[PDB]
Amino acid sequence: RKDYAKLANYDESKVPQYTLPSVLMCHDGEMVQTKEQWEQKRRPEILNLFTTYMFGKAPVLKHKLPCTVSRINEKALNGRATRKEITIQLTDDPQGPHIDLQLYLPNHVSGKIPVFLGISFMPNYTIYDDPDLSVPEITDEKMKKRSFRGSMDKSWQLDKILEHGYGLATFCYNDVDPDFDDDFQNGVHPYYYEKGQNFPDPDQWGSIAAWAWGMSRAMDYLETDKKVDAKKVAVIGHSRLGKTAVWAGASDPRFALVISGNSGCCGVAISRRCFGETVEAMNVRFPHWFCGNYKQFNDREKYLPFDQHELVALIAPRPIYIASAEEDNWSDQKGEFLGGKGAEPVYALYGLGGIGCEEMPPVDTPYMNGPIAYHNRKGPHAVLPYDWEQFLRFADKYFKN
Ligand code: NA
């Protein structure tokens, strides 16, 4: 019902007073001052609070899901790449939902290959204009195409990625759970209900948590593929899928590097600023996104047990790239910058520096010599070739020698 877009505040001066919850102080009040105390005592407290109160618990599995490598082309893209389709069975029902993962690896590169794991709004054929993914429309019985081959090429830059000697793997988020407020009708959630349960408990996963769990299932296959380097898998997504990729990085330490693509409100942006999008605008307009518990903080940011700098802190010591867009005031770009700045004291526990500047930098001015990178670039809320340029130059610092 309510608007929210026109009620929002975009005026830095009308931003309220606030105090950031202290990331280094435990629940019992003892301050952390060593990485040991962070890993042993404080980090699990913060992981617990984000799992309990905003993203929701996700199933732990006795064993890996079944998958099959259902298609391979070692001469894909005129011999430039090997293309693999991997279907991952998400539930115990083989006619239930599956992740249809699409992996591209460069040919002519010897070792195990670093890979960017991404999650997309649309099906796999939009990632690249791949001409041998082609059967005519008049004979096609498969799902009717809503976009076109390679429509999202500007958001994925496969050519840039292969050129750095890296791979790209992606799946569409609707494989795991449709982005509709439908009580998870056609998603994975009901397959993991107990017999006396007909919707997730208030502390159990919503959609973002399920989509993140999906990336983790894709990593379960990737780490068994002899050509990919299981030590150098990055995660990336944009907007709601940026919120997802940050959570997947936070709750799955296997991932080597995290890319926040305009993750904004309830991503890396500090909620207490109440700038642009707000917790309540979020939960009211997308109630399936977060767990039941999170709705208690509608218009009540003062009472969050945490704020989003502590989410970023879950990444440390691993690197994270925070990307803002100049026109995307809805994401609160300064707030996104401050989400990274608030995490600096944890990274210092590992003897690492910070972003590299004290106040928010001007547009088109990246900082990436520290463990947390930041840019706010010209133009619109999206992931553009400009963003991939910075992403890949940051990744080279960690994956190349
Ligand atoms: Na905000």
# chains A, B, ... in the order shown; residues from 1 in each chain; ligands from 1
call {"tool": "residues_near_ligand", "arguments": {"ligand": "ligand 1", "cutoff": "8 Å", "atoms": "only C-alpha atoms and all ligand atoms", "output": "PyMOL selection string"}}
result
chain A and resi 264-266+269-279+330-332+335
call {"tool": "closest_atom_pairs", "arguments": {"of": "range 212-265 of chain A", "to": "range 50-72 of chain A", "cutoff": "10 Å", "atoms": "only C-alpha atoms", "output": "JSON lines"}}
result
{"residue": "A:212", "atom": "CA", "partner": "A:58", "partner_atom": "CA", "distance": 9.3}
{"residue": "A:213", "atom": "CA", "partner": "A:58", "partner_atom": "CA", "distance": 7.0}
{"residue": "A:217", "atom": "CA", "partner": "A:65", "partner_atom": "CA", "distance": 7.6}
{"residue": "A:218", "atom": "CA", "partner": "A:67", "partner_atom": "CA", "distance": 9.9}
{"residue": "A:220", "atom": "CA", "partner": "A:64", "partner_atom": "CA", "distance": 7.1}
{"residue": "A:221", "atom": "CA", "partner": "A:67", "partner_atom": "CA", "distance": 7.8}
{"residue": "A:244", "atom": "CA", "partner": "A:55", "partner_atom": "CA", "distance": 9.5}
{"residue": "A:247", "atom": "CA", "partner": "A:55", "partner_atom": "CA", "distance": 8.2}
{"residue": "A:250", "atom": "CA", "partner": "A:50", "partner_atom": "CA", "distance": 9.8}
{"residue": "A:251", "atom": "CA", "partner": "A:51", "partner_atom": "CA", "distance": 8.7}
call {"tool": "closest_residue", "arguments": {"among": "A:150, A:249, A:96, A:317", "to": "residue 124 in chain A", "atoms": "only C-alpha atoms"}}
result
A:150
call {"tool": "closest_residue", "arguments": {"among": "A:180, A:303, A:104, A:193", "to": "residue 159 in chain A", "atoms": "only C-alpha atoms"}}
result
A:104
call {"tool": "residues_around", "arguments": {"residues": "residue 23 in chain A", "least_positions_apart": "5", "cutoff": "9 Å", "atoms": "only C-alpha atoms", "output": "PyMOL selection string"}}
result
chain A and resi 32+42+46+306-307+309-310+313+342-343+345-346
call {"tool": "write_last_selection", "arguments": {"atoms": "C-alpha atoms", "output": "PDB file, in the first residue's frame"}}
result
ATOM      1  CA  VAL A  32      37.943  -8.183  21.722  1.00  0.00           C
ATOM      2  CA  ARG A  42      32.997 -12.580  19.011  1.00  0.00           C
ATOM      3  CA  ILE A  46      27.713 -11.922  15.290  1.00  0.00           C
ATOM      4  CA  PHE A 306      23.659  -5.142  15.027  1.00  0.00           C
ATOM      5  CA  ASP A 307      24.247  -3.043  11.934  1.00  0.00           C
ATOM      6  CA  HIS A 309      29.267  -3.002   9.241  1.00  0.00           C
ATOM      7  CA  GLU A 310      29.194  -6.148  11.370  1.00  0.00           C
ATOM      8  CA  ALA A 313      33.161  -7.777   9.350  1.00  0.00           C
ATOM      9  CA  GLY A 342      32.809   0.347  10.213  1.00  0.00           C
ATOM     10  CA  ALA A 343      34.447  -3.030   9.587  1.00  0.00           C
ATOM     11  CA  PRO A 345      38.774  -2.399  13.262  1.00  0.00           C
ATOM     12  CA  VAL A 346      38.219  -6.147  12.698  1.00  0.00           C
TER      13      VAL A 346
END
call {"tool": "closest_atom_pairs", "arguments": {"of": "range 238-295 of chain A", "to": "range 112-117 of chain A", "cutoff": "12 Å", "atoms": "only C-alpha atoms", "output": "Markdown table"}}
result
| residue | atom | partner | partner_atom | distance |
| --- | --- | --- | --- | --- |
| A:241 | CA | A:117 | CA | 12.0 |
| A:245 | CA | A:117 | CA | 9.2 |
| A:248 | CA | A:117 | CA | 10.8 |
| A:249 | CA | A:117 | CA | 11.0 |
| A:255 | CA | A:117 | CA | 9.2 |
| A:256 | CA | A:114 | CA | 9.7 |
| A:257 | CA | A:116 | CA | 9.0 |
| A:258 | CA | A:116 | CA | 9.5 |
| A:259 | CA | A:116 | CA | 9.6 |
call {"tool": "closest_residue", "arguments": {"among": "A:320, A:152, A:88, A:284", "to": "residue 219 in chain A", "atoms": "only C-alpha atoms"}}
result
A:88
call {"tool": "closest_residue", "arguments": {"among": "A:103, A:323, A:208, A:20", "to": "residue 291 in chain A", "atoms": "only C-alpha atoms"}}
result
A:208
